[PDB]
Amino acid sequence: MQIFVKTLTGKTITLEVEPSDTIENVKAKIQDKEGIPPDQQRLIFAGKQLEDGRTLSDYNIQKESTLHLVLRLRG
Amino acid sequence: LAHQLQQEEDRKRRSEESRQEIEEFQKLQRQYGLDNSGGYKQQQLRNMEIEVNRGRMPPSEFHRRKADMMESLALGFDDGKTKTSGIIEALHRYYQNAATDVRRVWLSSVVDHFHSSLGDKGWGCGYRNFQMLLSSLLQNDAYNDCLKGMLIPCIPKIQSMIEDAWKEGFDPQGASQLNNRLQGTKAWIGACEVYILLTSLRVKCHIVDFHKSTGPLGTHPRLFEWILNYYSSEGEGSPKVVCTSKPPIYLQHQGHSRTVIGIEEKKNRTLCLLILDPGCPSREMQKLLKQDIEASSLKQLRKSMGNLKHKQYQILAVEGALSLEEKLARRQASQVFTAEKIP
Ligand SMILES: [N+]
Ligand SMILES: [N+]
């Protein structure tokens, strides 16, 4: 299925994923298309930061859902 | 008919998804200070207008404060109204004279505390930490040539100065993450921004990335040990309280940053960080100034390993000055932006 990944500047990419994909796997797929190491990424969906070892299944991610992507460590 | 049934459900699902996404994006852009909704000047005025509307501040006084704010912003200088001085000297006195559970304590050099004002409350932390660090460099003769003629900048000036580092060519990927602009925003910043700012001023510094916990129960012993190593000296005749020449350490976790101004080695051999928070109001900081320090107040400054359980910390530490050639080398290196990682 396709999902979208959108940064807080509005930059958007599409990813091909399965529900069984871990959040770790999704961060790898983002690195694959953008070159951003997974340690620099925080993914948020429905108010929650997504945990590496959980699956898209775990969070009800649907086709054409958008995950938001926070980059680096700021505060 | 069948196709229509599928198309309608999909449309409805998509619309709900879109509404949710838009609402979340808005909330996040706003939290991170990237929604372009204005800056420090605006927030100060809005929050002062609340103070008038609530009846807590005379309308004339709003005009005076506004006038003074505008002068400070024109000059680029922090107005000092959130500054508290003398904390290091007060800690030195306390550790020297008071019965403590401490074997040895190392302190950074003189450091002024800055908290957020009405203008930056909620988002100014990283900038306020930069101001604390800079206050220490500005009293240290090693940095006289690189920092000659500088006063503590106001937050809008710090935002300008970061932009200037981006314009020179530092960290273009980091710039793009913040829309290439900081003035007129409430943007959260991190150690990467503080790095390129200091580097652009010819200050030699580096980031160390404690990217996962290294101890039991999610603790970060490596972090504590790195700070001990930074503050401490090899041996000899070192006194119980050592007030070093070293600058404080900028400490970032996700959502907030603070300034580490020293480290205690307890008699039981455990370590405790001494940390200033730009969220602390002046009245709380003042308590450290009294001759005998409350137990709660000292406790507030002291952070043991149990108190630092965020997943990832970064520090930025200052190490001396750069030549122009070393600055240009670091500017080029910042194109593919990396930091030392522990472990
Ligand atoms: N304040
Ligand atoms: N702050």
Side-chain angles (χ1 to χ4, degrees), chain A residues 1-17 19 21-24 26-28 30-54 56-75, chain B residues 10 13-14 16-18 20-29 31-36 123-126 129 171 173-181 187-194 207 209-212 251-258 278 310-314 336-339 341:
Chain A
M1 60 178 194
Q2 285 207 142
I3 60 174
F4 304 105
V5 179
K6 180 176 184 180
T7 74
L8 303 186
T9 65
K11 184 183 195 314
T12 306
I13 60 177
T14 310
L15 297 184
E16 193 66 17
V17 302
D21 286 349
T22 61
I23 295 316
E24 190 287 316
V26 171
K27 290 177 176 176
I30 290 165
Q31 185 179 18
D32 289 345
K33 279 181 93 112
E34 297 299 320
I36 301 157
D39 60 282
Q40 297 171 28
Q41 301 179 37
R42 289 169 171 79
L43 293 159
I44 299 155
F45 179 73
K48 296 171 69 55
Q49 188 173 302
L50 311 179
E51 305 181 20
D52 275 356
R54 304 300 299 264
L56 298 176
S57 187
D58 295 342
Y59 299 108
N60 295 292
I61 300 316
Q62 314 187 49
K63 62 199 297 194
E64 305 201 295
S65 291
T66 301
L67 305 187
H68 300 111
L69 175 64
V70 166
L71 293 166
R72 296 192 187 171
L73 193 78
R74 294 190 177 99
Chain B
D10 268 357
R13 144 187 78 74
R14 254 187 242 115
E16 183 65 13
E17 265 181 339
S18 218
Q20 149 190 358
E21 186 279 328
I22 294 152
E23 271 159 34
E24 165 159 286
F25 184 71
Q26 293 177 335
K27 268 178 214 156
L28 286 165
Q29 264 206 328
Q31 171 178 33
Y32 285 74
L34 299 169
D35 70 351
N36 207 7
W123 59 268
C125 55
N129 296 132
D171 190 17
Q173 181 190 51
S176 77
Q177 290 170 6
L178 307 174
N179 282 311
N180 303 276
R181 183 169 130 254
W188 289 1
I189 60 170
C192 45
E193 280 73 56
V194 176
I207 296 173
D209 185 0
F210 298 88
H211 58 91
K212 67 185 178 167
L251 181 69
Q252 185 74 61
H253 67 261
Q254 184 62 3
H256 200 73
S257 49
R258 296 179 291 179
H310 288 267
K311 182 173 187 312
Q312 169 174 43
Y313 288 89
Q314 288 171 5
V336 175
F337 198 94
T338 62
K341 288 188 152 231

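In the text below, chain A, chain B and the rest are named by the order of the sequence lines, each starting its count at 1. Excluded from the calculations below are hydrogen atoms, water molecules and symmetry mates; all remaining heavy atoms, backbone and side chain alike, are included.
- Counting heavy atoms from C-beta outward, A:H68 and B:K27 have side chains that stay 4.5 Å or more apart.
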Could you list the donor-acceptor pairs under 3.5 angstrom formed by side chains in residues 47-54 of chain A, with sequence neighbours left out?
from	atom 1	to	atom 2	distance (Å)
A:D52	OD1	A:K27	NZ	2.7
A:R54	NE	A:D58	OD2	2.9

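- Neither the backbone nor the side chain of B:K212 comes within less than 4.5 Å of any heavy atom of chain A.
- Screening residues 65-75 of chain A for salt bridge (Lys or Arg N to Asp or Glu O under 4.0 Å), with sequence neighbours left out, gives A:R72-B:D171, A:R74-B:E193.
- Between the CG atom in A:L67 and the CD atom in B:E21 there is a gap of 10.0 Å [rounded to 0.5 Å].
- Neither the backbone nor the side chain of B:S18 comes within less than 4.5 Å of any heavy atom of chain A.
- Atom NZ of B:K341 has more than 12 heavy atoms from other residues, nucleotides or ligands within 6.0 Å.
- The choice from A:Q40, A:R42, A:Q62 that makes the most heavy-atom pairs within less than 4.5 Å of chain B is A:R42.
- Highest contact tally toward chain A, considering only B:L178, B:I189, B:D209, is held by B:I189 [criterion: heavy-atom pairs under 4.5 Å].
- For B:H256, the part sitting under 4.5 Å from any heavy atom of chain A is the backbone (N, CA, C, O) and nothing else.
- At a 4.5 Å heavy-atom cutoff, the contact between A:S65 and chain B is made by backbone and side-chain atoms alike.
- When all heavy atoms of A:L73 and B:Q312 are compared, the closest pair comes out as CD1-OE1, 3.6 Å.
- Separating the NE2 atom in B:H211 from the CG atom in A:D39 is a distance of 7.5 Å, to the nearest 0.5 Å.
- Within a 6.0 Å radius of CG in A:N60, other residues, nucleotides and ligands contribute 12 heavy atoms or fewer.
- Of all heavy-atom pairs between A:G75 and B:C125, the closest is C-SG, 3.4 Å.
- Only the side chain of B:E17 comes within contact range of chain A, with heavy atoms under 4.5 Å apart.
- The line from NZ of A:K11 to CD of B:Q177 is 11.5 Å long, rounded to the nearest 0.5 Å.
- The distance from the CD atom of B:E24 to the CD1 atom of A:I44 is 6.0 Å, given to the nearest 0.5 Å.
- Here B:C192 is the residue among B:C192, B:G126, B:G124, B:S257 with the most heavy-atom pairs under 4.5 Å with chain A.
- In this structure, B:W188 CH2 and A:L8 CG are separated by 10.0 Å, a value rounded to the nearest 0.5 Å.
- Rounding to the nearest 0.5 Å places CG of A:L71 at 10.0 Å from OH of B:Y32.
- Side-chain contact check for B:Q254 versus A:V70: some heavy-atom pair is nearer than 4.5 Å.
- Interface remark: A:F4 contributes no atoms to any contact with chain B (heavy atom separation under 4.5 Å).
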